[PDB]
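Undergrad: I am attaching a structure below and will ask some questions about it afterwards.
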There are 2 protein chains.
Amino acid sequence: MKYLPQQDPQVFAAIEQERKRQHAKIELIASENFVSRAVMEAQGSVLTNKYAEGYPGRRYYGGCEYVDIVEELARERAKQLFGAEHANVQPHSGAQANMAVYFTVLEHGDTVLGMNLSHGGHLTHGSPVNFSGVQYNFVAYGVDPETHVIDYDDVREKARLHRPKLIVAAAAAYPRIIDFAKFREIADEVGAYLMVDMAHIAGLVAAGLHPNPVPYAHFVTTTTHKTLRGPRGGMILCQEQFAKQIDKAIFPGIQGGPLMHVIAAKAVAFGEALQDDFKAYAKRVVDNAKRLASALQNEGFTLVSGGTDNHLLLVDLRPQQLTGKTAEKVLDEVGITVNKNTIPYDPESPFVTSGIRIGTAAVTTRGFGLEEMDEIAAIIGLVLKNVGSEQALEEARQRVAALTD
Amino acid sequence: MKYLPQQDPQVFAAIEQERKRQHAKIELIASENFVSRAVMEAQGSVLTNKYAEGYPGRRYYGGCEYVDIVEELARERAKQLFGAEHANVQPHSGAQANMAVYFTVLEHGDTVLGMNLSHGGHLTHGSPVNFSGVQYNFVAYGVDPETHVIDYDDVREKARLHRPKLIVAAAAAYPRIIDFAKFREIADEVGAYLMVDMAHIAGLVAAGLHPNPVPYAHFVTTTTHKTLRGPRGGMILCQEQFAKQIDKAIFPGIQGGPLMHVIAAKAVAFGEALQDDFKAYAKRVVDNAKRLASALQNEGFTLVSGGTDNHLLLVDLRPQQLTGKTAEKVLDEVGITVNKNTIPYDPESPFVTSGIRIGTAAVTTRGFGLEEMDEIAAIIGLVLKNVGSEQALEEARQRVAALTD
């Protein structure tokens, strides 16, 4: 940076603290990643100056010739990446991507079937304090109490009983592969649309390490900033038959002017994802998650679903008689960033929880491999089995420092 | 830029075209501006990597210590700038800022009173193809057919007849000062909340050149990217009594993770607005708008409301027997960027229009003064009075080139 240090000492100092923090800590928040310097440069571009309501070649402002190229690059790369017939790269976020799909196919008060929020579902999948649960009538399907795998017979019964206009598949905290074929089969039985929110697993889908929801879902939503390793924002994929309606839902429906600089960064991120090395990266994410899962089990930890098929895992802390909140706090003390997370059939409230959610996307980006996973698990073991020992926590603190250089 | 040119030739080339376009053209889109290099650097920062759901000191992720400082700097500077008791700097856009306020005080189907969209009102103020008009029952007040000034007796009658739960004041294309005192007086008579959407005039409010809606409105919404000259995004101001409800409406209500890098840029933009030179800048914007208005009248053009009190003006093209669409297209040919815009009581559809909307914020930022305004008006005169003459258009093209260097 050059001009920010001179113009705003306060803001520059705070950003510099954040930059250094991102390097010093072991980042295990499952939804986080590190973007390339190219993605950031695109976001820091003059494209923020341009009003571009509408779509490429069909704008409501003049002078959009070059931002049109940028948006088309984003749309076409996404389509190549996911095999979709249409992309909308304007959603400001995952929330807005989901909001737009709901706005497209649902009327106020329509019934929607989504994943139980305490079993893995996201806030935008029917939380009573979120627009989704306030605007629409959300019912929920659950996971099996033993296996923690989605109970597809429950999905089917809930759909047949409540007759939703829309079924939502996908999760903020589900460690196993989702069967989109079964979701579509159930959707077809009850005459419901199928929406897949692939936000968490999008990078893995692109690399072919998770089944692609595109051929099965009427609508696929995602964030660009999780496993996809792009800028903060949203995206909608769908077939040509919904293309016009989806575009209208985003604008003039729920948004105004798109963030053209962020869309530029989306294009960059998609360009990177199309490369061979991103496929290798994404495999390492999954391999690292499996390794970390195995190594945590070796430490004596119980994992939700008994392991993982993807980038993320959940530790059931009940055997150690710890809350997710306690675990989160103490790991923060040694430089390991996790978040407390509800486990399926959690006896605790979502503000306390019996678990922690861990992901490998961020650490894999910085170059962590299987050996690092073994060590991360060993540190977590040392910390959580010795919460009252300041010497154990200091040892953990030093071992975290050794890993991050 | 360094890494984007190597990583993505296609995206870099398109951005570079846009950068050069922004310099070459005379930018008169009323909602546009040019941000500082400091604002852009903040947006191009590593802060995009951080999930920060919730608010400073009350986050739902660990490691937010430094993004908390950034957000607080943004909130406190905004409060200093506008004299507000509370700020929410998380809205992704003006659309989302408005959406959150509607979500706070209204139920589905509630009556809202807003400015007639063909008289100056924005899409988010009750368009039937926008969430606002679909989710809520919007009624409209108008401007006087002669003066084009808001008819406050009409605002009062519409409020008394339809009994709205909320009154919205402010506009996307209104060239005169809005009387927020009268809006509040009417709001109090019918027991309605008052929302002011100051998006367009926010920079002028901050510099003291337009009356401040804050002391009069329960809620003030704005974009950060118009006269305020900040990054693309939204903001909500309100009194302490609505602070908690407004924060809840943004999250977990209508959004998810905030754009911390954009919030950093918002703080930078507010820092700049607090400086003496921004006040001088904003006065030049208004002075330039008055000068341009006067010079256009000198060319023989009729202006909506007979002039301007702010940054923007509207040309009624009916005397020249031109549509806004025709005027927009031909000015595009010579390098002058305007947008077609409905005039009050327009005989044409919003896709054709009888007017063009012009603003001075962008050209004032690049250093244009009164003499430049005289020349811009003279060029517009040459073009619109000689639409069929390619030699007149070539002369105009050269004169535009002379202005932009």
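In the structure tokens, chains take letters A, B, ... by order of appearance, with residues numbered from 1 within each chain and ligands from 1 in the order shown.
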Show me, as a PDB file with C-alpha atoms, in the first residue's frame, every residue of chain A with an atom at most 7 Å from chain B, counting only C-alpha atoms.
TA:
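What follows is the written file part_16.pdb:
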ATOM      1  CA  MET A   1       0.000   0.000   0.000  1.00  0.00           C
ATOM      2  CA  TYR A   3      -1.680   6.165  -0.342  1.00  0.00           C
ATOM      3  CA  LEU A   4      -3.667   4.681   2.571  1.00  0.00           C
ATOM      4  CA  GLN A   7      -4.207   9.387   4.130  1.00  0.00           C
ATOM      5  CA  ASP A   8      -5.504   7.308   7.054  1.00  0.00           C
ATOM      6  CA  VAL A  11      -7.305   2.583   9.208  1.00  0.00           C
ATOM      7  CA  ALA A  14      -5.756  -1.656  11.869  1.00  0.00           C
ATOM      8  CA  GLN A  17      -2.728  -5.664  12.411  1.00  0.00           C
ATOM      9  CA  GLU A  18      -5.253  -7.857  10.550  1.00  0.00           C
ATOM     10  CA  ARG A  19      -2.719  -8.804   7.857  1.00  0.00           C
ATOM     11  CA  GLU A  32     -12.646 -18.904   5.482  1.00  0.00           C
ATOM     12  CA  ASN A  33      -9.804 -18.871   2.950  1.00  0.00           C
ATOM     13  CA  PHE A  34      -6.991 -16.659   1.629  1.00  0.00           C
ATOM     14  CA  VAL A  35      -7.449 -14.941  -1.736  1.00  0.00           C
ATOM     15  CA  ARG A  37      -3.029 -10.947  -4.704  1.00  0.00           C
ATOM     16  CA  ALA A  38      -4.623 -10.855  -8.189  1.00  0.00           C
ATOM     17  CA  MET A  40      -7.435  -8.397  -4.255  1.00  0.00           C
ATOM     18  CA  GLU A  41      -6.021  -6.102  -6.974  1.00  0.00           C
ATOM     19  CA  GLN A  43     -11.280  -5.609  -5.911  1.00  0.00           C
ATOM     20  CA  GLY A  44      -9.069  -2.561  -5.367  1.00  0.00           C
ATOM     21  CA  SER A  45      -9.746  -1.337  -8.923  1.00  0.00           C
ATOM     22  CA  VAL A  46     -11.497   1.731 -10.387  1.00  0.00           C
ATOM     23  CA  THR A  48     -16.090   0.578  -8.025  1.00  0.00           C
ATOM     24  CA  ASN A  49     -16.781   3.921  -9.783  1.00  0.00           C
ATOM     25  CA  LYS A  50     -19.144   2.421 -12.373  1.00  0.00           C
ATOM     26  CA  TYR A  51     -22.920   2.168 -12.052  1.00  0.00           C
ATOM     27  CA  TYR A  61     -26.348   3.203 -17.955  1.00  0.00           C
ATOM     28  CA  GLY A  62     -24.010   4.087 -20.817  1.00  0.00           C
ATOM     29  CA  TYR A  66     -15.693  -2.779 -20.488  1.00  0.00           C
ATOM     30  CA  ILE A  69     -16.561  -7.876 -20.728  1.00  0.00           C
ATOM     31  CA  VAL A  70     -15.588  -8.381 -17.072  1.00  0.00           C
ATOM     32  CA  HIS A  92     -23.644  -9.192  -3.109  1.00  0.00           C
ATOM     33  CA  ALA A  95     -27.562 -14.290   1.728  1.00  0.00           C
ATOM     34  CA  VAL A 129     -34.741 -14.344  13.129  1.00  0.00           C
ATOM     35  CA  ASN A 130     -33.719 -14.352   9.441  1.00  0.00           C
ATOM     36  CA  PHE A 131     -35.790 -13.086   6.484  1.00  0.00           C
ATOM     37  CA  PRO A 231     -13.771 -12.552  -3.206  1.00  0.00           C
ATOM     38  CA  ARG A 232     -16.618 -12.062  -0.741  1.00  0.00           C
ATOM     39  CA  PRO A 252     -34.661  -4.885 -10.390  1.00  0.00           C
ATOM     40  CA  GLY A 253     -35.853  -7.361  -7.717  1.00  0.00           C
ATOM     41  CA  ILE A 254     -33.665  -7.362  -4.595  1.00  0.00           C
ATOM     42  CA  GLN A 255     -30.488  -5.407  -5.463  1.00  0.00           C
ATOM     43  CA  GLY A 256     -29.481  -2.232  -7.285  1.00  0.00           C
ATOM     44  CA  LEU A 259     -20.209  -4.400  -7.384  1.00  0.00           C
ATOM     45  CA  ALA A 264     -13.918  -8.569 -11.662  1.00  0.00           C
ATOM     46  CA  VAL A 268     -10.160 -13.830 -11.498  1.00  0.00           C
ATOM     47  CA  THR A 337      -9.188 -20.113  15.398  1.00  0.00           C
ATOM     48  CA  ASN A 339     -15.935 -21.617  15.967  1.00  0.00           C
TER      49      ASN A 339
END
Undergrad: As JSON, numbers by chain, please: every residue in range 18-238 of chain A that a backbone DSSP assignment puts in strand (DSSP E).
TA: {"A": [26, 27, 54, 55, 58, 59, 86, 87, 88, 111, 112, 113, 114, 115, 137, 138, 139, 140, 141, 166, 167, 168, 169, 193, 194, 195, 196, 197, 219, 220, 221, 222, 223, 234, 235, 236, 237, 238]}
Undergrad: Could you please take those selected residues and save N, CA and C atoms as a CSV table (one decimal), in the first residue's frame?
TA:
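Below is the file selection.csv, written as the result:
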chain,number,residue,atom,x,y,z
A,26,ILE,N,-3.4,-20.0,13.4
A,26,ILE,CA,-3.8,-21.1,12.7
A,26,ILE,C,-5.3,-21.0,12.4
A,27,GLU,N,-5.7,-20.7,11.1
A,27,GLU,CA,-7.0,-20.4,10.7
A,27,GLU,C,-7.8,-21.7,10.4
A,54,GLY,N,-28.5,-3.6,-14.5
A,54,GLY,CA,-28.8,-4.5,-15.6
A,54,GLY,C,-27.8,-5.5,-15.8
A,55,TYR,N,-27.6,-6.0,-17.1
A,55,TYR,CA,-26.7,-7.0,-17.4
A,55,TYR,C,-26.0,-6.7,-18.7
A,58,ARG,N,-27.3,-5.2,-21.9
A,58,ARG,CA,-28.6,-4.8,-21.5
A,58,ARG,C,-28.6,-3.9,-20.3
A,59,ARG,N,-27.7,-2.9,-20.3
A,59,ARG,CA,-27.5,-2.1,-19.1
A,59,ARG,C,-28.5,-0.9,-19.1
A,86,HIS,N,-26.6,-21.2,-17.2
A,86,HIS,CA,-26.7,-19.8,-16.9
A,86,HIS,C,-26.1,-19.5,-15.5
A,87,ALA,N,-25.4,-18.4,-15.5
A,87,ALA,CA,-24.8,-17.8,-14.2
A,87,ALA,C,-25.3,-16.4,-14.0
A,88,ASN,N,-25.5,-16.1,-12.7
A,88,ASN,CA,-25.7,-14.7,-12.3
A,88,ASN,C,-24.7,-14.4,-11.2
A,111,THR,N,-44.5,-22.6,1.9
A,111,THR,CA,-43.8,-23.7,2.6
A,111,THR,C,-42.5,-24.0,1.9
A,112,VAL,N,-41.4,-24.1,2.7
A,112,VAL,CA,-40.1,-24.5,2.2
A,112,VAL,C,-39.5,-25.5,3.1
A,113,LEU,N,-38.8,-26.5,2.5
A,113,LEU,CA,-38.2,-27.6,3.3
A,113,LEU,C,-36.7,-27.4,3.3
A,114,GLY,N,-36.0,-27.2,4.4
A,114,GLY,CA,-34.6,-27.0,4.5
A,114,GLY,C,-34.0,-27.9,5.6
A,115,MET,N,-32.6,-27.9,5.6
A,115,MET,CA,-31.9,-28.7,6.7
A,115,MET,C,-32.1,-28.1,8.0
A,137,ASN,N,-42.7,-20.1,5.2
A,137,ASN,CA,-43.0,-21.1,6.2
A,137,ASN,C,-42.0,-22.3,6.1
A,138,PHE,N,-40.9,-22.2,6.8
A,138,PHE,CA,-39.8,-23.3,6.7
A,138,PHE,C,-40.1,-24.4,7.7
A,139,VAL,N,-40.1,-25.6,7.1
A,139,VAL,CA,-40.0,-26.9,7.8
A,139,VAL,C,-38.7,-27.5,7.6
A,140,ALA,N,-38.3,-28.4,8.5
A,140,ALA,CA,-36.9,-29.0,8.5
A,140,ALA,C,-36.8,-30.5,8.4
A,141,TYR,N,-35.8,-31.0,7.7
A,141,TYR,CA,-35.4,-32.4,7.8
A,141,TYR,C,-34.2,-32.6,8.6
A,166,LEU,N,-40.7,-25.4,-2.4
A,166,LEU,CA,-39.2,-25.5,-2.7
A,166,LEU,C,-38.5,-26.4,-1.6
A,167,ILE,N,-37.6,-27.2,-2.1
A,167,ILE,CA,-36.7,-28.0,-1.2
A,167,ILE,C,-35.3,-27.4,-1.3
A,168,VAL,N,-34.7,-27.1,-0.1
A,168,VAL,CA,-33.3,-26.6,-0.1
A,168,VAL,C,-32.4,-27.8,0.5
A,169,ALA,N,-31.4,-28.1,-0.3
A,169,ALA,CA,-30.3,-29.0,0.1
A,169,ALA,C,-29.0,-28.2,0.3
A,193,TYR,N,-39.6,-27.4,-6.4
A,193,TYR,CA,-38.3,-27.0,-6.9
A,193,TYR,C,-37.2,-27.5,-6.0
A,194,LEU,N,-36.1,-27.8,-6.6
A,194,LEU,CA,-34.9,-28.1,-5.8
A,194,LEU,C,-33.8,-27.0,-5.9
A,195,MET,N,-33.5,-26.4,-4.7
A,195,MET,CA,-32.4,-25.5,-4.6
A,195,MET,C,-31.3,-26.1,-3.9
A,196,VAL,N,-30.0,-26.1,-4.4
A,196,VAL,CA,-28.9,-26.5,-3.7
A,196,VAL,C,-28.0,-25.3,-3.4
A,197,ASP,N,-27.7,-25.1,-2.1
A,197,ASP,CA,-26.8,-24.0,-1.7
A,197,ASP,C,-25.4,-24.6,-1.4
A,219,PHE,N,-32.1,-24.7,-9.2
A,219,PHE,CA,-31.3,-23.5,-8.8
A,219,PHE,C,-30.1,-24.0,-7.9
A,220,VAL,N,-28.9,-23.5,-8.2
A,220,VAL,CA,-27.8,-23.7,-7.4
A,220,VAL,C,-27.3,-22.3,-6.9
A,221,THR,N,-27.2,-22.1,-5.6
A,221,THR,CA,-26.6,-20.9,-5.1
A,221,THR,C,-25.3,-21.2,-4.4
A,222,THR,N,-24.4,-20.2,-4.3
A,222,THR,CA,-23.1,-20.3,-3.7
A,222,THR,C,-22.5,-19.0,-3.3
A,223,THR,N,-21.6,-19.0,-2.3
A,223,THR,CA,-20.7,-17.9,-2.1
A,223,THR,C,-19.5,-18.1,-2.9
A,234,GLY,N,-21.7,-13.5,-3.8
A,234,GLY,CA,-22.6,-14.6,-4.1
A,234,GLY,C,-22.7,-14.9,-5.6
A,235,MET,N,-23.3,-16.0,-5.9
A,235,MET,CA,-23.6,-16.4,-7.3
A,235,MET,C,-24.7,-17.4,-7.4
A,236,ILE,N,-25.5,-17.3,-8.5
A,236,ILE,CA,-26.6,-18.2,-8.7
A,236,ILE,C,-26.3,-18.9,-10.1
A,237,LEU,N,-26.5,-20.2,-10.1
A,237,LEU,CA,-26.5,-21.0,-11.3
A,237,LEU,C,-27.8,-21.6,-11.5
A,238,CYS,N,-28.3,-21.7,-12.7
A,238,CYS,CA,-29.6,-22.3,-13.1
A,238,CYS,C,-29.6,-22.7,-14.6
Undergrad: Residues near residue 119 in chain B, anyone? I mean within 12 Å using only C-alpha atoms, not counting same-chain ones fewer than 2 positions away, as a ChimeraX atom specification.
TA: /B:114-117,121-123,125,140-145,147-151,170-175,304-305,314,341-346,350,353,355
Undergrad: What would the file look like if the residues just selected were written as a compact mmCIF listing (two decimals), in the first residue's frame with N, CA, C and O atoms?
TA:
# COMPACT_ATOMS: atom_id res chain seq x y z
N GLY B 114 -44.25 6.90 -0.55
CA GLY B 114 -42.97 7.29 -1.14
C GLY B 114 -43.16 8.25 -2.30
O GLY B 114 -44.28 8.48 -2.74
N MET B 115 -42.05 8.82 -2.78
CA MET B 115 -42.10 9.75 -3.90
C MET B 115 -42.40 9.01 -5.20
O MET B 115 -41.83 7.95 -5.46
N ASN B 116 -43.32 9.57 -5.98
CA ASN B 116 -43.65 9.05 -7.30
C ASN B 116 -42.36 8.78 -8.08
O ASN B 116 -41.53 9.67 -8.24
N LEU B 117 -42.21 7.55 -8.55
CA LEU B 117 -40.98 7.12 -9.24
C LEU B 117 -40.70 7.88 -10.53
O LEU B 117 -39.54 8.04 -10.92
N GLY B 121 -38.63 9.62 -7.44
CA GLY B 121 -38.47 8.51 -6.51
C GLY B 121 -37.58 7.39 -7.05
O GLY B 121 -37.44 7.22 -8.26
N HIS B 122 -36.97 6.64 -6.14
CA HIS B 122 -36.12 5.52 -6.54
C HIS B 122 -36.89 4.19 -6.64
O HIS B 122 -37.98 4.04 -6.06
N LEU B 123 -36.32 3.25 -7.39
CA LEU B 123 -36.85 1.90 -7.57
C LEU B 123 -37.19 1.23 -6.23
O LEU B 123 -38.23 0.56 -6.11
N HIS B 125 -38.22 2.56 -3.70
CA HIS B 125 -39.30 3.29 -3.04
C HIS B 125 -40.67 2.88 -3.60
O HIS B 125 -41.56 3.72 -3.76
N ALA B 140 -48.01 6.84 -3.51
CA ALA B 140 -47.05 7.87 -3.92
C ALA B 140 -47.56 9.30 -3.77
O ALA B 140 -48.75 9.57 -3.96
N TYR B 141 -46.65 10.21 -3.43
CA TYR B 141 -46.90 11.65 -3.50
C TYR B 141 -46.18 12.23 -4.72
O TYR B 141 -45.21 11.65 -5.20
N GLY B 142 -46.66 13.37 -5.20
CA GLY B 142 -46.13 13.96 -6.41
C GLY B 142 -45.56 15.36 -6.24
O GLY B 142 -45.63 15.95 -5.15
N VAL B 143 -44.97 15.86 -7.32
CA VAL B 143 -44.52 17.24 -7.39
C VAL B 143 -45.56 18.07 -8.14
O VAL B 143 -46.37 17.53 -8.89
N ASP B 144 -45.54 19.38 -7.91
CA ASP B 144 -46.41 20.33 -8.60
C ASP B 144 -46.11 20.27 -10.11
O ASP B 144 -44.95 20.22 -10.51
N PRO B 145 -47.16 20.26 -10.95
CA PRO B 145 -46.96 20.17 -12.40
C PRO B 145 -46.20 21.35 -13.02
O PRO B 145 -45.57 21.17 -14.07
N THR B 147 -44.02 23.77 -11.03
CA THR B 147 -42.78 24.10 -10.34
C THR B 147 -41.85 22.90 -10.19
O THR B 147 -40.66 23.07 -9.94
N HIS B 148 -42.43 21.71 -10.32
CA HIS B 148 -41.72 20.43 -10.15
C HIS B 148 -41.14 20.25 -8.75
O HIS B 148 -40.28 19.39 -8.52
N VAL B 149 -41.63 21.07 -7.82
CA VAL B 149 -41.27 20.97 -6.41
C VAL B 149 -42.30 20.08 -5.73
O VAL B 149 -43.50 20.15 -6.04
N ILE B 150 -41.83 19.22 -4.82
CA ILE B 150 -42.71 18.36 -4.04
C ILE B 150 -43.92 19.15 -3.53
O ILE B 150 -43.76 20.23 -2.94
N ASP B 151 -45.11 18.63 -3.80
CA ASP B 151 -46.35 19.21 -3.29
C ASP B 151 -46.59 18.64 -1.89
O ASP B 151 -47.07 17.52 -1.74
N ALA B 170 -37.06 11.61 -0.03
CA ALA B 170 -35.80 11.60 -0.79
C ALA B 170 -35.92 10.91 -2.16
O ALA B 170 -36.92 10.24 -2.44
N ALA B 171 -34.90 11.09 -2.99
CA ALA B 171 -35.06 10.85 -4.42
C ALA B 171 -33.79 10.41 -5.15
O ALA B 171 -32.67 10.61 -4.66
N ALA B 172 -33.98 9.83 -6.33
CA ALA B 172 -32.89 9.52 -7.26
C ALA B 172 -32.72 10.63 -8.30
O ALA B 172 -31.67 10.71 -8.95
N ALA B 173 -33.74 11.47 -8.46
CA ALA B 173 -33.70 12.56 -9.44
C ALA B 173 -34.56 13.75 -9.04
O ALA B 173 -35.51 14.11 -9.73
N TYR B 174 -34.22 14.38 -7.91
CA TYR B 174 -34.90 15.59 -7.46
C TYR B 174 -33.88 16.71 -7.23
O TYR B 174 -33.05 16.61 -6.33
N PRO B 175 -33.94 17.77 -8.06
CA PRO B 175 -32.95 18.85 -8.10
C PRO B 175 -33.10 19.94 -7.03
O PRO B 175 -32.31 20.88 -7.02
N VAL B 304 -36.08 20.99 -15.44
CA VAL B 304 -37.08 20.61 -14.45
C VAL B 304 -36.84 21.42 -13.17
O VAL B 304 -35.71 21.52 -12.69
N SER B 305 -37.92 22.02 -12.66
CA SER B 305 -37.90 22.91 -11.48
C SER B 305 -37.23 24.27 -11.73
O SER B 305 -37.14 25.10 -10.82
N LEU B 314 -32.14 18.25 -14.22
CA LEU B 314 -32.87 17.50 -15.23
C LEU B 314 -33.28 18.41 -16.37
O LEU B 314 -33.88 19.47 -16.14
N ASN B 341 -33.91 10.04 -18.34
CA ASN B 341 -34.61 10.09 -17.07
C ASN B 341 -36.00 10.66 -17.28
O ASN B 341 -36.18 11.63 -18.02
N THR B 342 -36.98 10.02 -16.65
CA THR B 342 -38.35 10.51 -16.67
C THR B 342 -38.41 11.90 -16.05
O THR B 342 -37.73 12.18 -15.06
N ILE B 343 -39.20 12.77 -16.66
CA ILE B 343 -39.48 14.08 -16.09
C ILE B 343 -40.86 13.97 -15.42
O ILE B 343 -41.63 13.09 -15.78
N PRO B 344 -41.16 14.84 -14.43
CA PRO B 344 -42.50 14.77 -13.84
C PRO B 344 -43.60 14.93 -14.89
O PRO B 344 -43.50 15.80 -15.76
N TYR B 345 -44.61 14.07 -14.83
CA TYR B 345 -45.74 14.06 -15.77
C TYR B 345 -45.29 13.81 -17.22
O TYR B 345 -45.87 14.34 -18.17
N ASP B 346 -44.26 12.97 -17.36
CA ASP B 346 -43.68 12.60 -18.65
C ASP B 346 -44.71 11.88 -19.52
O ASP B 346 -45.31 10.89 -19.08
N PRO B 350 -40.81 5.21 -19.10
CA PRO B 350 -39.48 5.26 -18.47
C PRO B 350 -38.34 4.67 -19.31
O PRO B 350 -37.17 4.92 -19.02
N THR B 353 -38.54 8.22 -22.18
CA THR B 353 -38.42 9.47 -21.40
C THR B 353 -38.39 10.76 -22.24
O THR B 353 -38.16 10.72 -23.45
N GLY B 355 -36.48 13.38 -20.89
CA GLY B 355 -35.41 14.11 -20.22
C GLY B 355 -34.09 13.40 -20.06
O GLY B 355 -33.98 12.19 -20.27
Undergrad: Could you pull the residues within 7 Å of range 283-291 of chain A, counting only C-alpha atoms, minus those fewer than 3 positions along the same chain, as number ranges by chain?
TA: A: 279-280, 294-295, 308, 310-312, 359-361, 364, 369-370, 373
Undergrad: The selected residues should be written to file as a short mmCIF file (atom, residue, chain, number, x, y, z; two decimals), in the first residue's frame (atoms: C-alpha atoms).
TA:
data_model
loop_
_atom_site.label_atom_id
_atom_site.label_comp_id
_atom_site.auth_asym_id
_atom_site.auth_seq_id
_atom_site.Cartn_x
_atom_site.Cartn_y
_atom_site.Cartn_z
CA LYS A 279 -7.71 -29.15 -8.64
CA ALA A 280 -4.53 -30.31 -6.87
CA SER A 294 -8.06 -39.29 11.66
CA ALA A 295 -5.44 -37.54 13.84
CA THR A 308 -15.49 -36.33 6.79
CA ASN A 310 -15.16 -32.83 2.43
CA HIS A 311 -13.28 -29.78 3.73
CA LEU A 312 -14.86 -29.66 7.19
CA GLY A 359 -12.07 -26.64 8.13
CA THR A 360 -8.81 -27.11 6.20
CA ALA A 361 -9.31 -24.76 3.22
CA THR A 364 -4.13 -25.78 2.83
CA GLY A 369 0.14 -30.74 4.40
CA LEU A 370 -0.56 -34.05 6.16
CA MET A 373 -2.53 -31.82 10.16
#
Undergrad: Got a sec: who's within 12 Å of residue 300 in chain B, counting only C-alpha atoms, leaving out chain neighbours fewer than 3 positions off, as a PyMOL selection string?
TA: chain B and resi 293-297+303+315-320+377-378+380-382+384-385
Undergrad: Can you tell me, as a ChimeraX atom specification, which residues in range 200-363 of chain B count as helix (DSSP H, G or I) by DSSP?
TA: /B:202-206,240-254,260-273,276-298,304-306,318-320,324-334,361-363
Undergrad: Restricting the output to C-alpha atoms, write the selected residues as a short mmCIF file (atom, residue, chain, number, x, y, z; two decimals), in the first residue's frame.
TA:
data_model
loop_
_atom_site.label_atom_id
_atom_site.label_comp_id
_atom_site.auth_asym_id
_atom_site.auth_seq_id
_atom_site.Cartn_x
_atom_site.Cartn_y
_atom_site.Cartn_z
CA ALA B 202 -25.27 12.61 1.49
CA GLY B 203 -22.00 14.42 0.61
CA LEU B 204 -23.83 17.76 0.52
CA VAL B 205 -25.49 17.04 3.88
CA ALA B 206 -22.05 16.28 5.37
CA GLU B 240 -30.35 5.04 19.87
CA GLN B 241 -33.93 3.77 20.40
CA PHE B 242 -33.87 1.92 17.05
CA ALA B 243 -30.16 0.98 17.15
CA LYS B 244 -30.67 -2.61 18.35
CA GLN B 245 -33.59 -3.30 15.98
CA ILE B 246 -31.73 -1.87 12.95
CA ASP B 247 -28.60 -3.91 13.74
CA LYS B 248 -30.73 -7.07 14.04
CA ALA B 249 -32.43 -6.30 10.71
CA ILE B 250 -29.05 -6.21 8.93
CA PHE B 251 -27.84 -9.34 10.76
CA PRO B 252 -29.22 -11.92 11.30
CA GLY B 253 -32.12 -10.32 9.37
CA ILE B 254 -31.30 -9.68 5.70
CA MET B 260 -14.97 -5.79 6.04
CA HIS B 261 -12.69 -4.51 3.26
CA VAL B 262 -15.52 -2.30 1.95
CA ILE B 263 -16.25 -1.14 5.53
CA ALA B 264 -12.54 -0.22 5.79
CA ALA B 265 -12.98 1.86 2.62
CA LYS B 266 -16.14 3.41 4.10
CA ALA B 267 -14.08 4.56 7.11
CA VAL B 268 -11.48 6.07 4.75
CA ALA B 269 -14.20 7.88 2.79
CA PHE B 270 -15.72 9.26 6.01
CA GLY B 271 -12.26 10.39 7.16
CA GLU B 272 -11.92 12.35 3.90
CA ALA B 273 -15.42 13.85 4.26
CA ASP B 276 -12.03 20.93 5.30
CA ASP B 277 -11.18 20.30 1.64
CA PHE B 278 -14.20 17.99 1.19
CA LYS B 279 -16.43 20.86 2.34
CA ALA B 280 -14.77 23.05 -0.31
CA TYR B 281 -15.18 20.21 -2.83
CA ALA B 282 -18.89 19.82 -2.06
CA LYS B 283 -19.49 23.57 -2.42
CA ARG B 284 -17.83 23.40 -5.86
CA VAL B 285 -20.18 20.52 -6.77
CA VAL B 286 -23.22 22.70 -5.97
CA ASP B 287 -21.69 25.85 -7.52
CA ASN B 288 -20.85 23.86 -10.67
CA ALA B 289 -24.38 22.44 -10.82
CA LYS B 290 -25.85 25.96 -10.58
CA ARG B 291 -23.42 27.22 -13.23
CA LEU B 292 -24.18 24.28 -15.56
CA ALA B 293 -27.91 24.81 -15.04
CA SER B 294 -27.58 28.53 -15.87
CA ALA B 295 -25.38 27.82 -18.92
CA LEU B 296 -27.84 25.19 -20.25
CA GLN B 297 -30.71 27.68 -19.87
CA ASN B 298 -28.50 30.11 -21.84
CA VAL B 304 -37.08 20.61 -14.45
CA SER B 305 -37.90 22.91 -11.48
CA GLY B 306 -36.20 25.79 -13.35
CA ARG B 318 -39.80 18.42 -25.09
CA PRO B 319 -39.09 21.97 -26.43
CA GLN B 320 -36.37 20.44 -28.65
CA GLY B 324 -34.15 11.34 -23.31
CA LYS B 325 -33.18 8.12 -25.11
CA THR B 326 -32.20 10.00 -28.29
CA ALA B 327 -30.26 12.62 -26.30
CA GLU B 328 -28.49 9.92 -24.26
CA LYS B 329 -27.45 8.02 -27.43
CA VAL B 330 -26.08 11.00 -29.38
CA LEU B 331 -24.17 12.39 -26.36
CA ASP B 332 -22.61 8.93 -25.96
CA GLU B 333 -21.31 9.35 -29.55
CA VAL B 334 -19.30 12.46 -28.56
CA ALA B 361 -20.04 15.35 -8.57
CA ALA B 362 -17.73 13.32 -10.85
CA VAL B 363 -16.42 16.21 -12.99
#
